[PDB]
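Take a look at this single chain, the form deposited in one PDB entry, given in C-alpha cells.
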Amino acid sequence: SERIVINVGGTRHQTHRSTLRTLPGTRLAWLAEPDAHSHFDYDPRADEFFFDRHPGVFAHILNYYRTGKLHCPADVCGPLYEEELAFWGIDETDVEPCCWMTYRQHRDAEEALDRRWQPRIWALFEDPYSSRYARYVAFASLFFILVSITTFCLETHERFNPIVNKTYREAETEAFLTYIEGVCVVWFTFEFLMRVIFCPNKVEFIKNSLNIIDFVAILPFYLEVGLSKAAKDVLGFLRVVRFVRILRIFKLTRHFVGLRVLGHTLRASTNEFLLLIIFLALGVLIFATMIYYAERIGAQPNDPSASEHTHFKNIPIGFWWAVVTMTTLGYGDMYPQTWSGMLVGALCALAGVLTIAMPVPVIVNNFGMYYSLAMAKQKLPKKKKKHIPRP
C-alpha cells in the first residue's frame, strides 16, 4: 500500500502515494488516484507506471513533490527543463529565486531578439542581397548619403566660407556646395517618390521613423521655393532641421546586425540606465557641493568676492567638474587647488570609478548575451527539421 513505482524512461522511481498526492491537479496527482490503472499505461506484471520521458529531470520534478520547492537542475538547458515541467503540469512560475535568473535566461534573450509591377517597384527598398538591382540601388544610396554628410561637414568649415565685400557683411558658402546639395536632394526626392508610389499599410509607413527622418531631412531644401519677417525665423529653425541630415546614416546602418543587437540591448536595459543616471546625478550633486565648500576654506580674505583664486566659483561649475572627474576624463580646465579641494577631488575620482563600474557591467553582460545569441542564430544554417514527429 501507498507504494507506487514510476518508470520514467527505464529508470524506476519509487515514492509514497502521499507525496504524489500533495500537489493536486498535476498529472502525478492523477496518478496517485485509485483509478489510475485504467487511465494510464500501467502493466500489472511489474506494478510500475511507464512514462517515456527524460529520467534525469524527473528526479528534480519528483523532488519538488517531495520537499515542496521547485529548483532548476543546473545540468540541463533552461528550455529542456521548461519543456519537461510543462509536460508534467508544473507551473513554471514556481521555481525558487535561486534558479529563476539562470532558468528564465534564454527565453528572455529570445523574446528580446524578437499591381503587377509593384514587386519590382518595391524591390528598390528590399534587402540589397535580395537582388542585383537592389544591391546596386543600395550602393548608390550609400554613395549619396556619404556625399551629403561630407558636404555638410565641409559647409561648416572656414576654408569654404569666405566673407565677400558685399554691402551687412557676412560669410557666404561656395556655390559648388549648394550644387552638390541640390544633386543629392534630387536623388533623395526621386527615391522618396518611388517609395511613396507603393506604400502598403500607410499608417505604419508614416509611423516608420526612417521615412520620418527622410522627409524631415528633405524638407529644408524643398522649402527654398516656399520661403520676410517669418522667413528669418523659419530659416533659423531650418538650420536646426538640417542638423538632422547626419541622421540619414541610420538608413544604411539599419541592416547591420550589431546595431540591431544594440537597439535590443538598450530597449531591454532601461532599468540599469535609470540606475546609472540616478547614481551619476547623486554623485555630481554631492561632490559639486563638497568641492565648492572645500575650495572656500583657503580663500584669501583680501578679495571682496568669496572665491577669486578657484575655478569653483559656484556649484553648477561643480557639476561640470564632477562629471569630468568621475568619468576619469579629466580635461584639466578646472581642478582643485587647495588641500581640502584635493581631498574632495580624490574622493570624487574614486567614487566615480565605483559608481560607474556598478551598473555598466550589467549592461555589458546584457549586450554580450544578446550578441552571442544573434550571432548564433545567424551562423546556424537553415534547418530542414529532420525529426518527423509521430502522430
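C-alpha atoms forming the largest set that superposes within 1.5 Å between two forms make up the rigid core. Position 1 is the first residue in the sequence shown; the rest follow in order.
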* Deposited residues lacking coordinates between residue 227 and residue 228 (none, 1 to 3, 4 to 9, 10 or more) -> 4 to 9
* Asked: Just how many deposited residues go unmodelled from residue 114 to residue 115: none, 1 to 3, 4 to 9, or 10 or more?
  -> 10 or more
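A second form of this protein, the form deposited in another entry, is not displayed here; the remarks below concern that form.
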* Would you indicate which listed residue, out of 182, 263, 73, 298, moves its Cα by 2 Å or more between the shown form and the other one relative to the superposed core? => 298
* Using the core for the fit, does the CA position of residue 234 change by 2 Å or more between the shown form and the other one? -> yes
* Taking the shown form as the reference, report whether the CA atoms of residue 301 and residue 337 lie closer or farther apart in that other deposited form; the distance changes by 3 angstroms or more. => farther
* To do: Please say whether the CA atoms of residue 286 and residue 301 come closer or move farther apart in that other deposited form, knowing the change relative to this form is 3 Å or more.
  => closer
